[PDB]
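> First the structure, then my questions, so here it is.
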Amino acid sequence: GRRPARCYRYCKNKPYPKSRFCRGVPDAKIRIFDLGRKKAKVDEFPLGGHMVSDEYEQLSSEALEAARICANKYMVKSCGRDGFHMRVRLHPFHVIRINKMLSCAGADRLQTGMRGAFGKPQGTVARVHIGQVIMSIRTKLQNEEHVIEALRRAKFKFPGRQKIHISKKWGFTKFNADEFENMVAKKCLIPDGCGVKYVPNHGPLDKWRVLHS
Amino acid sequence: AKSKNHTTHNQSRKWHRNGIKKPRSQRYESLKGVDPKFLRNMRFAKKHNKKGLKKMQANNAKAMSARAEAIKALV
Amino acid sequence: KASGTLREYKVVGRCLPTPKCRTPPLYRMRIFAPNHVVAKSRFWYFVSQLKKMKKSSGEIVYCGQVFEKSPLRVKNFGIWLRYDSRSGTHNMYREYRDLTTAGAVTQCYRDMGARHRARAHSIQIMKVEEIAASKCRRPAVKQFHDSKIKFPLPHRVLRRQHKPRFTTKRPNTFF
Amino acid sequence: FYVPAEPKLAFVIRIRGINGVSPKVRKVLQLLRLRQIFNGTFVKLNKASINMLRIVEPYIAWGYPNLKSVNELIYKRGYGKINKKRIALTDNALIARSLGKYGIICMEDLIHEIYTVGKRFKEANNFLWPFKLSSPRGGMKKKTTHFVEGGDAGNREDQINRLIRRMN
Amino acid sequence: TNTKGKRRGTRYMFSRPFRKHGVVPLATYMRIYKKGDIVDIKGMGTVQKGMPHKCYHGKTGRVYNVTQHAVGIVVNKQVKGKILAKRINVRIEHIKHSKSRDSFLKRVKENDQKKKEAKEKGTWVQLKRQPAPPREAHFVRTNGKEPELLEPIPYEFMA
RNA sequence: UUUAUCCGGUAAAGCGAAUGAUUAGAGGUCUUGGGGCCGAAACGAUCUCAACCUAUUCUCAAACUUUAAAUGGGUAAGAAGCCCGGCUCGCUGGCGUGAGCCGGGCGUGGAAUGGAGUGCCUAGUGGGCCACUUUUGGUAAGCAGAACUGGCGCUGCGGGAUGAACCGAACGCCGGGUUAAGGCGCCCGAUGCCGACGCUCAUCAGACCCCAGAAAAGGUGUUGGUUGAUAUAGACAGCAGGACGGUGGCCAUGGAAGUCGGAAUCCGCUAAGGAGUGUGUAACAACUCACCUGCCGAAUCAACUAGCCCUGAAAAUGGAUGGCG
RNA sequence: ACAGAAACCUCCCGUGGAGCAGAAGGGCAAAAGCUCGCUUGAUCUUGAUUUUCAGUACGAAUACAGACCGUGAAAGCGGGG
RNA sequence: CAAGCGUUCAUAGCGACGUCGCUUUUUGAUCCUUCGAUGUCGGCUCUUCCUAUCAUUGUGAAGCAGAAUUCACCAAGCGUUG
RNA sequence: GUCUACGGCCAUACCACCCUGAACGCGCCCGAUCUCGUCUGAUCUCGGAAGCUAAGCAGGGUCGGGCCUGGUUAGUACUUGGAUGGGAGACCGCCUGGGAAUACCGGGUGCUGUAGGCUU
Ligand SMILES: [Mg+2]
Ligand SMILES: [Mg+2]
Ligand SMILES: [Mg+2]
Ligand SMILES: [Mg+2]
Ligand SMILES: [Mg+2]
Ligand SMILES: [Mg+2]
Ligand SMILES: [Mg+2]
Ligand SMILES: [Mg+2]
Ligand SMILES: [Mg+2]
Ligand SMILES: [Mg+2]
Ligand SMILES: [Mg+2]
Ligand SMILES: [Mg+2]
Ligand SMILES: [Mg+2]
Ligand SMILES: [Mg+2]
């Protein structure tokens with residue numbers, strides 16, 4: 001199946017992205033990077049819970065798979081099938097290699113050892129830096145503890161270590177949460193489904209004329 | 001019977017033991033390499049400097065006696 | 001950075017004048033170090049973290065010791081902290097009950113070493129501040145903290161165990 | 001406030017020996033004339049000089065000498081380079097015999113040009129043969145690390161005089 | 001092993017910089033060079049005739065020859081030690097006037113001037129350059145404020 | 001090394017900048033579709049999914065790049081240089097250019113160091129190895145392969161118990177002094193400091209760069225913090241009373257009247273009782289827990305975080321912080 | 001008009017997203033691309049230099065000079081691509 | 001870690017998706033040692049040692065009533081055949 | 001103030017739209033006899049001078065896109081040297097020096113060269 005994540009834990013070799021230069025890559029295991037009610041609004045989910053890495057390491061595609069599922073399962077739960085949104089923010093992008101298992105039959109007669117040591121693609125892997133986010137969840141301010149425990153269970157599908165952190169942003173935006181309501185009325189910010197559009201004092205005046213009209 | 005394939009390992013030491021020498025440049029370097037139509041002319045300029053040495057010699061005494069007069073008028 | 005007995009070398013310094021701004025501001029920090037040369041150097045470590053200023057583009061104006069105004073009167077020092085543990089970096093408040101601000105953080109540097117194995121290069125002193133009787137949270141300091149203070153010295157071991165290295169009388173430990 | 005003058009004179013000692021030393025390091029240290037371990041020279045502080053001490057800082061220990069430190073070095077351990085010889089400065093007819101063309105005539109006139117850096121520091125501090133100082137009585141702190149982290153290397157403003165007592 | 005090809009690895013060197021692909025500006029072939037003048041070679045992709053070779057790209061050298069649209073030029077090229085003063089033929093599009101020379105000849109025109117004058121006086125002027133000296137003790141004056149107190153700020157995990 | 005001055009496409013960064021990947025929604029019959037559902041059909045309505053694109057957003061690139069370092073590579077810092085005067089030309093041209101010559105006129109041109117230049121013969125070598133950092137294969141190697149410097153080979157000495165290569169330091173033969181890296185209970189020179197301040201007790205203690213041993217995960221073992229709690233309107237804990245009524249509530253009946261499970265789902269007595277934490281009972285009951293009381297008199301509680309010690313922790317001639325301890 | 005996602009014609013937009021015999025990489029717009037007319041600089045001849053480098057060859061290339069020409073009003077360009 | 005199996009019930013016994021290790025009784029990789037040769041498979045015999053315990057002593061667990069049986073702990077004393 | 005001819009540096013000059021152009025010129029414009037070229041006097045070549053600023057061009061305008069420059073991001077990312085620093089390791093801290101890039105905020109929007117006009 002696959003070597004234990006031990007061997008592909010450290011970022012040794014330069015990124016090997018899937019391109020015309022390596023082909024035949026087995027399709028990444030994890031597929032769906034966000035679930036829950038991705039049809040939510042910004043105005044009804046103010047809790048940016050994060051799971052932040054603390055080590056410069058790799059994350060296997062199949063790990064991001066279980067870490068998502070086991071968080072979907074302590075969520076829809078205490079929260080309910082509508083009361084959250086889960087984001088995976090690491091797309092397995094760098095291709096991991098395997099010298100061809102040094103396959104032999106019986107005892108052996110020959111393997112060539114190391115001639116053409118360069119190996120095949122085996123799977124995919126995410127590159128993670130210190131202080132870079134892996135998963136992020138958003139719910140109501142009511143439901144804080146259940147974001148903490150759902151991310152606390154996903155830590156156990158990951159190598160290394162990672163701190164759980166609750167953000168000062170509003171949901172998934174980049175805007176400090178003490179300021180949202182102020183920048184919504186007077187329209188420094190305009191609801192755009194999940195995200196939100198920052199409208200500056202830059203463009204044509206008619207672009208304003210739509211707002212404050 | 002595999003072997004090392006290359007290295008520049010202590011080479012910096014070797015060619016700096018006698019201290020890499022910027023090429024010693026003299027005045028009057030060689031004209032070899034200059035385009036022939038230059039030389040084919042400048043050799044005629046050099047070959048007939050003498051025809052016209054009388055002008056040069058008398059006109060030298062003119063300024064030599066005018067500046068022997070210029071340094072004596074200062075005196 | 002290393003230690004000794006720490007001292008309160010306060011420093012001020014400006015970013016030396018360019019043609020555009022001719023009178024830059026002055027900054028005094030309460031740097032806290034064993035002599036001049038390192039008290040100058042701990043300055044540029046803290047001003048480079050706060051201002052866009054370097055040892056090249058600046059100059060120290062005044063370096064001089066500030067020495068305790070009440071050295072014969074015991075005081076309660078709280079001191080806010082920030083160090084670097086093996087995992088992250090954490091903030092603290094700790095209390096020490098000695099009678100000189102310098103010695104009070106000489107004690108603190110000894111504890112982060114003793115209780116957290118944090119060497120001096122990891123620690124940052126936010127601000128030392130002497131406190132009144134109340135406002136003291138640590139009961140390790142809060143216990144002396146009275147009038148009719150009273151101990152015996154119960155199990156008083158003898159040093160001088162190598163003055164006479166051989167003796168007839170077994171020692172005593174009660175006094 | 002007052003900002004005293006940037007020191008113009010700094011007396012540099014080498015504090016680590018000679019093996020396992022970088023290429024660029026080894027060139028500087030033979031321009032400061034700190035060839036053998038543990039000797040010292042008066043370098044004149046200057047944008048180019050200062051930027052040569054930065055580059056050999058893990059090897060040296062320099063600082064701003066005071067007057068008594070200048071005397072001690074020049075008298076007790078002061079030898080003059082005459083005819084490419086380390087000749088002891090026993091009488092001052094040896095100093096005038098080399099430096100008389102600069103108004104320097106005596107043991108005391110040398111010290112002017114060494115303290116108040118002066119017009120002739122180039123010839124004064126190049127007829128002085130590098131001072132060969134003993135080991136530091138009492139020991140160093142850490143030959144490897146820099147002064148600021150409890151070591152011995154690099155610059156120590158004005159604290160170098162304690163290092164010149166125990167090393168004369 | 002790698003290939004000896006004349007233009008290997010120049011993928012990024014001879015490339016016209018950005019938003020400049022096109023007609024060579026006509027100034028670059030209407031400034032004059034005469035023997036002795038110092039020149040810094042800098043290749044260029046658009047003109048391929050008369051290109052230099054990548055080991056001279058970035059190097060300076062004096063001029064010794066001038067043909068109709070090229071310039072013979074002597075540079076130094078270091079090879080495993082011994083430096084060889086070798087002369088190459090480079091069309092003008094890959095050449096500039098190096099102002100490296102021109103700081104001096106302006107210190108010269110000024111030195112020669114400041115010596116002819118102040119000679120009728122006899123007052124000796126500082127002709128030599130001199131490196132940046134110690135910064136010359138001064139005063140600082142705060143007027144009516146004490147300095148601003150700086151404190152290292154308490155850490156908090158941003159993310 | 002400064003002072004000028006060119007050269008650079010790596011780290012980083014960016015992808016709302018090209019190229020290449022790629023997530024999400026909002027926006028769009030853009031186009032169009034393939035299924036639908038309501039339509040005979042209808043850009044009709046409502047969906048849907050596909051592909052595109054209008055503002056956005058998540059994440060990437062060694063063989064991508066708007067940007068863009070650090071270290072680094074060139075030159076230049078004068079006498080072979082400037083400034084005048086004049087001759088020569090088969091080149092160049094409306095004249096002049098340009099170069100070449102002769103003749104005069106003028107000196108320390110950044111810091112620091114050191115005597116420089118040049119020619120002959122020529123031995124040995126052409127298996128290399130290691131370490132910091134960078135880095136290519138490989139899962140990894142005391143593996144294979146590069147860069148940069150340093151070593152070892154070619155080289156002893158002090159130190160690391162022992163030891164090519166680590167740390168100090170490079171050896172003419174000696175007397176005195178003093179150090180470096182290391183040390184200073186005993187082996188074993190040196191603490192036979194009246195040394196500071198703490199931490200930890202191990203039925204597997206711990207005990208020093210290379211180096212020779214351990215992980216996730218735990219642990220009211222103890223010590224510090226961090227944050228949030230609770231409280232003289234008397235808590236916490238302990239010992240006493242209730243924990244009900246509207247109510248076999250509703251779904252589910254196979255039994256769920258509170259309780260295998262779920263939509264839920266609030267009032268009355270209120271002091272307080274959740275249409276219920278569980279024990280269980282086919283279901284209750286009975287018991288209990290939230291919740292609230294009775295008694296007591298002041299600090300208590302919870303989640304995290306880190307230090308040390310414990311768990312995790314299993315190998316073979318007896319046994320190795322060098323030993324003793 | 002027959003004519004449909006594709007024939008042909010016309011306008012508008014079009015920094016290159018095409019093309020430049022081939023691998024890629026650079027370079028290219030009243031061009032180096034495409035279409036025409038005229039052609040043989042793919043010719044004869046010394047040297048100098050670059051590239052691999054020992055700073056030897058071979059190959060390939062870069063500037064010139066001397067002839068004979070091609071082309072264009074011409075400046076120029078051209079001794080294979 | 002825990003989604004699940006176990007009538008009910010995560011953890012009696014189990015345990016997916018993941019993840020951290022030990023081990024040198026497997027095979028590999030590698031080529032440091034030996035090519036002026038270390039006798040290169042098994043079986044026979046004989047000793048000793050390890051515990052990653054199959055039995056027996058003492059025990060805690062069970063979806064342990066008894067019987068039987070799995071799970072675990074101190075444990076290598078003595079066994080382990082024709 | 002401005003244009004025309006030939007330009008240099010090549011967006012502070014571009015692009016999109018909006019408004020105003022006195023006189024000289026630039027242009028649109030009117031013809032195909034000759035010169036020349038086309039399937040076509042559409043372009044090119046030529047002979048013109050009846051009209052008009054409709055457009056190019058010039059000049060402005062836009063909380064305009066772009067570019068040009070500053071600020072911030074940030075002494076952050078990264079890095080030259082250094083340690084018998086930390087950490088099982090990944091990596092991380094400090095000392096000695098150098099020091100970026102977006103998003104986000106500001107400001108600017110062609111400078112001139114020679115020769116000739118016009119505003120006499
Ligand atoms: Mg050494
Ligand atoms: Mg070292
Ligand atoms: Mg490159
Ligand atoms: Mg051999
Ligand atoms: Mg010819
Ligand atoms: Mg062609
Ligand atoms: Mg079940
Ligand atoms: Mg080998
Ligand atoms: Mg034998
Ligand atoms: Mg056991
Ligand atoms: Mg017409
Ligand atoms: Mg118009
Ligand atoms: Mg108009
Ligand atoms: Mg704009």
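Identifiers in this document derive from the order of the structure tokens: chains are assigned A, B, ..., residues are numbered from 1 separately in each chain, and ligands are numbered from 1 in order of occurrence.
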Identify all chain F residues at most 8 Å from chain A by counting only C-alpha atoms (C1' of nucleotides); ligands do not count. Present them as a PDB file with N, CA and C atoms (P, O5', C5', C4', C3', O3' and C1' of nucleotides), in the first residue's frame.


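Saved as part35.pdb:
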ATOM      1  P     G F  20      -1.388  28.633 -19.785  1.00  0.00           P
ATOM      2  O5'   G F  20      -0.908  27.686 -18.592  1.00  0.00           O
ATOM      3  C5'   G F  20       0.094  26.703 -18.809  1.00  0.00           C
ATOM      4  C4'   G F  20       0.469  25.980 -17.540  1.00  0.00           C
ATOM      5  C3'   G F  20      -0.668  25.500 -16.665  1.00  0.00           C
ATOM      6  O3'   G F  20      -1.349  24.368 -17.160  1.00  0.00           O
ATOM      7  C1'   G F  20       0.984  26.463 -15.311  1.00  0.00           C
ATOM      8  P     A F  21      -2.935  24.260 -16.920  1.00  0.00           P
ATOM      9  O5'   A F  21      -3.079  24.194 -15.334  1.00  0.00           O
ATOM     10  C5'   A F  21      -3.408  22.969 -14.700  1.00  0.00           C
ATOM     11  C4'   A F  21      -2.741  22.818 -13.355  1.00  0.00           C
ATOM     12  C3'   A F  21      -3.670  22.803 -12.161  1.00  0.00           C
ATOM     13  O3'   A F  21      -4.349  21.577 -12.008  1.00  0.00           O
ATOM     14  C1'   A F  21      -1.831  24.183 -11.682  1.00  0.00           C
ATOM     15  P     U F  23     -10.340  22.316  -8.308  1.00  0.00           P
ATOM     16  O5'   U F  23     -10.974  22.909  -6.975  1.00  0.00           O
ATOM     17  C5'   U F  23     -10.639  22.338  -5.723  1.00  0.00           C
ATOM     18  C4'   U F  23     -11.017  23.229  -4.570  1.00  0.00           C
ATOM     19  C3'   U F  23     -12.355  23.938  -4.649  1.00  0.00           C
ATOM     20  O3'   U F  23     -13.470  23.092  -4.425  1.00  0.00           O
ATOM     21  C1'   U F  23     -10.725  25.430  -3.843  1.00  0.00           C
ATOM     22  P     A F  24     -14.806  23.283  -5.302  1.00  0.00           P
ATOM     23  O5'   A F  24     -15.524  24.535  -4.617  1.00  0.00           O
ATOM     24  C5'   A F  24     -16.007  24.443  -3.284  1.00  0.00           C
ATOM     25  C4'   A F  24     -15.971  25.761  -2.540  1.00  0.00           C
ATOM     26  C3'   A F  24     -16.995  26.810  -2.926  1.00  0.00           C
ATOM     27  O3'   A F  24     -18.299  26.529  -2.435  1.00  0.00           O
ATOM     28  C1'   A F  24     -14.893  27.839  -2.686  1.00  0.00           C
ATOM     29  P     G F  25     -19.406  25.804  -3.371  1.00  0.00           P
ATOM     30  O5'   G F  25     -20.760  26.540  -2.974  1.00  0.00           O
ATOM     31  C5'   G F  25     -21.127  27.773  -3.573  1.00  0.00           C
ATOM     32  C4'   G F  25     -20.658  28.962  -2.769  1.00  0.00           C
ATOM     33  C3'   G F  25     -21.222  30.306  -3.199  1.00  0.00           C
ATOM     34  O3'   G F  25     -22.514  30.554  -2.687  1.00  0.00           O
ATOM     35  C1'   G F  25     -18.891  30.492  -2.977  1.00  0.00           C
ATOM     36  P     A F  26     -23.753  30.649  -3.700  1.00  0.00           P
ATOM     37  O5'   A F  26     -23.581  32.076  -4.379  1.00  0.00           O
ATOM     38  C5'   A F  26     -24.348  33.176  -3.920  1.00  0.00           C
ATOM     39  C4'   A F  26     -23.548  34.451  -3.892  1.00  0.00           C
ATOM     40  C3'   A F  26     -23.749  35.390  -5.067  1.00  0.00           C
ATOM     41  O3'   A F  26     -24.950  36.144  -5.012  1.00  0.00           O
ATOM     42  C1'   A F  26     -21.452  35.152  -4.673  1.00  0.00           C
ATOM     43  P     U F  56     -11.722  42.760  -7.755  1.00  0.00           P
ATOM     44  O5'   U F  56     -12.152  41.903  -6.478  1.00  0.00           O
ATOM     45  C5'   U F  56     -11.988  40.492  -6.456  1.00  0.00           C
ATOM     46  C4'   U F  56     -12.882  39.827  -5.433  1.00  0.00           C
ATOM     47  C3'   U F  56     -12.195  38.819  -4.523  1.00  0.00           C
ATOM     48  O3'   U F  56     -11.561  39.415  -3.413  1.00  0.00           O
ATOM     49  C1'   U F  56     -14.102  37.822  -5.451  1.00  0.00           C
ATOM     50  P     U F  57     -10.067  38.980  -3.030  1.00  0.00           P
ATOM     51  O5'   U F  57     -10.224  37.511  -2.447  1.00  0.00           O
ATOM     52  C5'   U F  57     -10.866  37.301  -1.203  1.00  0.00           C
ATOM     53  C4'   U F  57     -11.183  35.848  -0.992  1.00  0.00           C
ATOM     54  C3'   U F  57      -9.997  34.900  -0.987  1.00  0.00           C
ATOM     55  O3'   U F  57      -9.285  34.914   0.244  1.00  0.00           O
ATOM     56  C1'   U F  57     -11.718  33.995  -2.326  1.00  0.00           C
ATOM     57  P     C F  58      -7.749  34.424   0.333  1.00  0.00           P
ATOM     58  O5'   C F  58      -7.856  32.836   0.283  1.00  0.00           O
ATOM     59  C5'   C F  58      -8.575  32.123   1.277  1.00  0.00           C
ATOM     60  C4'   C F  58      -8.405  30.631   1.126  1.00  0.00           C
ATOM     61  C3'   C F  58      -7.009  30.141   0.782  1.00  0.00           C
ATOM     62  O3'   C F  58      -6.097  30.163   1.867  1.00  0.00           O
ATOM     63  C1'   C F  58      -8.555  29.044  -0.597  1.00  0.00           C
ATOM     64  P     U F  59      -4.594  30.706   1.642  1.00  0.00           P
ATOM     65  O5'   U F  59      -3.878  29.523   0.862  1.00  0.00           O
ATOM     66  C5'   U F  59      -3.940  28.201   1.367  1.00  0.00           C
ATOM     67  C4'   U F  59      -3.498  27.196   0.341  1.00  0.00           C
ATOM     68  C3'   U F  59      -2.151  27.450  -0.290  1.00  0.00           C
ATOM     69  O3'   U F  59      -1.081  27.145   0.569  1.00  0.00           O
ATOM     70  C1'   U F  59      -3.675  26.784  -1.952  1.00  0.00           C
ATOM     71  P     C F  60       0.371  27.710   0.218  1.00  0.00           P
ATOM     72  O5'   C F  60       0.842  26.755  -0.955  1.00  0.00           O
ATOM     73  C5'   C F  60       1.597  27.259  -2.035  1.00  0.00           C
ATOM     74  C4'   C F  60       1.713  26.233  -3.123  1.00  0.00           C
ATOM     75  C3'   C F  60       2.813  26.495  -4.130  1.00  0.00           C
ATOM     76  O3'   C F  60       4.079  26.058  -3.667  1.00  0.00           O
ATOM     77  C1'   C F  60       0.817  26.037  -5.278  1.00  0.00           C
ATOM     78  P     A F  61       5.376  26.976  -3.883  1.00  0.00           P
ATOM     79  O5'   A F  61       5.893  26.549  -5.325  1.00  0.00           O
ATOM     80  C5'   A F  61       6.114  25.182  -5.625  1.00  0.00           C
ATOM     81  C4'   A F  61       6.348  24.955  -7.091  1.00  0.00           C
ATOM     82  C3'   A F  61       7.359  25.874  -7.752  1.00  0.00           C
ATOM     83  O3'   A F  61       8.697  25.466  -7.526  1.00  0.00           O
ATOM     84  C1'   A F  61       5.429  25.705  -9.106  1.00  0.00           C
ATOM     85  P     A F  62       9.690  26.429  -6.720  1.00  0.00           P
ATOM     86  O5'   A F  62      11.097  26.251  -7.441  1.00  0.00           O
ATOM     87  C5'   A F  62      11.786  25.000  -7.490  1.00  0.00           C
ATOM     88  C4'   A F  62      12.588  24.930  -8.762  1.00  0.00           C
ATOM     89  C3'   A F  62      11.708  24.936 -10.002  1.00  0.00           C
ATOM     90  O3'   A F  62      12.275  25.725 -11.029  1.00  0.00           O
ATOM     91  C1'   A F  62      13.081  23.008 -10.007  1.00  0.00           C
ATOM     92  P     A F  63      11.286  26.312 -12.140  1.00  0.00           P
ATOM     93  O5'   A F  63      11.562  25.393 -13.409  1.00  0.00           O
ATOM     94  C5'   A F  63      12.725  25.588 -14.193  1.00  0.00           C
ATOM     95  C4'   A F  63      12.673  24.735 -15.424  1.00  0.00           C
ATOM     96  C3'   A F  63      11.309  24.649 -16.078  1.00  0.00           C
ATOM     97  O3'   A F  63      11.109  25.733 -16.964  1.00  0.00           O
ATOM     98  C1'   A F  63      12.247  22.478 -15.858  1.00  0.00           C
ATOM     99  P     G F 137      16.712  15.308  -5.845  1.00  0.00           P
ATOM    100  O5'   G F 137      16.711  13.863  -6.506  1.00  0.00           O
ATOM    101  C5'   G F 137      17.050  12.743  -5.722  1.00  0.00           C
ATOM    102  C4'   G F 137      17.778  11.685  -6.502  1.00  0.00           C
ATOM    103  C3'   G F 137      17.530  10.281  -5.967  1.00  0.00           C
ATOM    104  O3'   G F 137      16.399   9.664  -6.561  1.00  0.00           O
ATOM    105  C1'   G F 137      19.837  10.702  -5.959  1.00  0.00           C
ATOM    106  P     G F 138      14.979   9.646  -5.797  1.00  0.00           P
ATOM    107  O5'   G F 138      15.250   8.727  -4.525  1.00  0.00           O
ATOM    108  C5'   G F 138      15.416   7.330  -4.682  1.00  0.00           C
ATOM    109  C4'   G F 138      16.201   6.712  -3.557  1.00  0.00           C
ATOM    110  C3'   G F 138      15.565   6.732  -2.184  1.00  0.00           C
ATOM    111  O3'   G F 138      14.520   5.782  -2.031  1.00  0.00           O
ATOM    112  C1'   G F 138      17.809   7.356  -1.989  1.00  0.00           C
ATOM    113  P     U F 139      12.998   6.264  -1.808  1.00  0.00           P
ATOM    114  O5'   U F 139      12.758   6.092  -0.248  1.00  0.00           O
ATOM    115  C5'   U F 139      11.810   6.900   0.436  1.00  0.00           C
ATOM    116  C4'   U F 139      12.214   7.133   1.873  1.00  0.00           C
ATOM    117  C3'   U F 139      13.621   7.702   2.060  1.00  0.00           C
ATOM    118  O3'   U F 139      13.689   8.652   3.113  1.00  0.00           O
ATOM    119  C1'   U F 139      13.437   5.598   3.147  1.00  0.00           C
ATOM    120  P     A F 216       7.001  13.266  21.671  1.00  0.00           P
ATOM    121  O5'   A F 216       5.546  12.907  21.127  1.00  0.00           O
ATOM    122  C5'   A F 216       5.072  13.470  19.914  1.00  0.00           C
ATOM    123  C4'   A F 216       4.025  12.599  19.270  1.00  0.00           C
ATOM    124  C3'   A F 216       2.710  12.468  20.019  1.00  0.00           C
ATOM    125  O3'   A F 216       1.844  13.563  19.801  1.00  0.00           O
ATOM    126  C1'   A F 216       3.447  10.335  19.400  1.00  0.00           C
TER     127        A F 216
END

> Which neighbours of residue 61 of chain G fall inside 10 Å, counting only C-alpha atoms (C1' of nucleotides), when residues of the same chain fewer than 3 positions from it are skipped, and could you give them as number ranges by chain?

E: 6, 49-50; G: 50-51

> Go ahead and write the selection's residues with N, CA and C atoms (P, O5', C5', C4', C3', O3' and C1' of nucleotides) as a PDB file, in the first residue's frame.


ATOM      1  N   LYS E   6      27.577  27.516 -26.704  1.00  0.00           N
ATOM      2  CA  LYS E   6      27.963  28.909 -26.493  1.00  0.00           C
ATOM      3  C   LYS E   6      26.930  29.699 -25.691  1.00  0.00           C
ATOM      4  N   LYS E  49      24.125  39.291 -34.020  1.00  0.00           N
ATOM      5  CA  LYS E  49      25.436  39.479 -34.617  1.00  0.00           C
ATOM      6  C   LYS E  49      26.342  40.221 -33.645  1.00  0.00           C
ATOM      7  N   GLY E  50      27.580  39.753 -33.529  1.00  0.00           N
ATOM      8  CA  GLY E  50      28.549  40.432 -32.691  1.00  0.00           C
ATOM      9  C   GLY E  50      28.259  40.365 -31.210  1.00  0.00           C
TER      10      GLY E  50
ATOM     11  P     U G  50      41.087  35.145 -28.133  1.00  0.00           P
ATOM     12  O5'   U G  50      39.520  34.863 -28.228  1.00  0.00           O
ATOM     13  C5'   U G  50      38.584  35.776 -27.680  1.00  0.00           C
ATOM     14  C4'   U G  50      37.165  35.350 -27.940  1.00  0.00           C
ATOM     15  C3'   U G  50      36.775  33.980 -27.418  1.00  0.00           C
ATOM     16  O3'   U G  50      36.443  34.004 -26.045  1.00  0.00           O
ATOM     17  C1'   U G  50      35.992  34.245 -29.628  1.00  0.00           C
ATOM     18  P     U G  51      36.861  32.782 -25.102  1.00  0.00           P
ATOM     19  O5'   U G  51      35.925  31.593 -25.576  1.00  0.00           O
ATOM     20  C5'   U G  51      34.521  31.747 -25.534  1.00  0.00           C
ATOM     21  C4'   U G  51      33.817  30.647 -26.279  1.00  0.00           C
ATOM     22  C3'   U G  51      34.194  29.238 -25.872  1.00  0.00           C
ATOM     23  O3'   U G  51      33.511  28.836 -24.705  1.00  0.00           O
ATOM     24  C1'   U G  51      34.117  29.409 -28.239  1.00  0.00           C
TER      25        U G  51
END

> Give me the residues within 7 Å of segment 47-51 of chain A as number ranges by chain, counting only C-alpha atoms (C1' of nucleotides) and dropping any in the same chain fewer than 3 places off.

A: 133-141, 147, 151, 162-167, 169-172

> Could you list, as a ChimeraX atom specification, every residue of chain C that has an atom within 8 Å of an atom of chain I, counting only C-alpha atoms (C1' of nucleotides)?

/C:1,48-49,51-53,84,86,121-122

> Could I get the residue neighbourhood of ligand 12 at 8 Å, counting only C-alpha atoms (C1' of nucleotides) and all ligand atoms, as a list in words?

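Taking only C-alpha atoms (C1' of nucleotides) and all ligand atoms into account, the residues around ligand 12 at most 8 Å away are residues 53, 54, 55, 56 and 57 of chain I.
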
> Pull the alpha helix (DSSP H) assignments for segment 6-165 of chain D out of DSSP run on the backbone, and list those residues as a PyMOL selection string.

chain D and resi 23-31+47-53+67-76+93-99+107-115+121-127+160-165

> Around ligand 9, at most 9 Å away and counting only C-alpha atoms (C1' of nucleotides) and all ligand atoms, which residues are there? Put them as a count of residues only, please.

3

> Find the residues in chain B near chain F: any atom within 8 Å counts, using only C-alpha atoms (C1' of nucleotides). Write them as JSON, numbers by chain.

{"B": [3, 7, 26, 27, 37, 38, 40, 41, 42, 44, 45, 46, 48, 49, 50, 51, 52, 53, 55, 56, 59, 60, 63, 64]}

> Identify all residues of segment 131-195 of chain A in strand (DSSP E) (DSSP on the backbone) and supply them as an NGL selection string.

:A and (133-138 or 162-166 or 189-192 or 195)

> Pick out the chain F residues within 7 Å of chain D. Count only C-alpha atoms (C1' of nucleotides). Give them as a PyMOL selection string.

chain F and resi 1-2+111-113+149-150+169+178-179

> Find the spatial neighbours of segment 200-212 of chain A, counting only C-alpha atoms (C1' of nucleotides), within a cut-off of 7 Å - ignore same-chain residues fewer than 4 positions away - and output them as a PyMOL selection string.

(chain A and resi 188) or (chain I and resi 63-64)

> Okay, now the selection with C-alpha atoms (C1' of nucleotides), as a PDB file, in the first residue's frame?


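Output saved as again.pdb:
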ATOM      1  CA  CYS A 188     -16.500  49.871   3.783  1.00  0.00           C
TER       2      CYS A 188
ATOM      3  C1'   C I  63     -13.327  60.043  -5.824  1.00  0.00           C
ATOM      4  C1'   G I  64     -11.537  56.167 -14.187  1.00  0.00           C
TER       5        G I  64
END
